[PDB]
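Everything on this sheet refers to the single structure shown next.
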Amino acid sequence: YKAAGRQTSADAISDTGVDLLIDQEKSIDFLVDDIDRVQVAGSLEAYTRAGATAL
Amino acid sequence: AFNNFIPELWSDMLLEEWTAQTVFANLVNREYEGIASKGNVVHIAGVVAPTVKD
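The structure is reproduced here in structure tokens:
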């Protein structure tokens with residue numbers, strides 16, 4: 056304020072910004088064959104849990 | 002001297018042999034003893050996970 060004589064004038068304010076882009080879209084997609092579902096030793100629902108764990 | 006009337010003595014207990022404490026059969030998994038009631042092989046299978054696609 057002292058170097059300015061004793062003058063003051065008002066500045067314009069401004070902003071910065073960043074974009075959160077929601078640009079990721081990812082998928083799981085697999086077949087459970089009915090012949091395999093019948094012929095295997097037990098439940099295949101562990102593959103639905105594996106798909107969820109992968110995402 | 003008493004060549005005939007002084008006994009020799011035996012202990013009635015055998016000394017049992019000193020042997021290692023067994024531990025491993027209590028530490029490993031026993032779950033397949035349910036299925037292994039017959040046959041000479043157990044097959045165990047594991048999941049391969051589905052791949053995430055973009």
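First to last, the sequence lines map onto chains F and A.
Everything in the first sequence is counted per the entry's author numbering, starting at 56 for the first residue and increasing by one.
Everything in the second sequence is counted per the entry's author numbering, starting at 2 for the first residue and increasing by one.
Note that the Cβ used here is the ideal one computed from N, Cα and C, for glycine as well.
Taking DSSP as the reference, what is the three-state secondary structure of residue i?
i: residue 82 of chain F; result: strand
Measuring straight from C-alpha to C-alpha, what distance separates residue i and residue j?
i: residue 18 of chain A; j: residue 12 of chain A; result: 16 angstroms
i: residue 69 of chain F; j: residue 80 of chain F; result: 34 angstroms
i: residue 66 of chain F; j: residue 59 of chain F; result: 14 angstroms
i: residue 89 of chain F; j: residue 95 of chain F; result: 10 angstroms
i: residue 9 of chain A; j: residue 21 of chain A; result: 34 angstroms
i: residue 7 of chain A; j: residue 15 of chain A; result: 23 angstroms
Buried or exposed for residue i, please, with buried defined as at least 16 other CB atoms from any protein chain shown within 10 angstroms of its CB.
i: residue 51 of chain A; result: buried
With a Cβ-Cβ cutoff of 9 angstroms, do residue i and residue j count as a contact?
i: residue 33 of chain A; j: residue 43 of chain A; result: yes
Point to revise | Runs of alpha helix (DSSP H) lying entirely within the segment 8–50 of chain A, each at least 4 residues, in chain order | key: Considered as a whole, the segment 8–50 of chain A harbours 25–28 as its complete alpha helix (DSSP H) runs of no fewer than 4 residues, in chain order.
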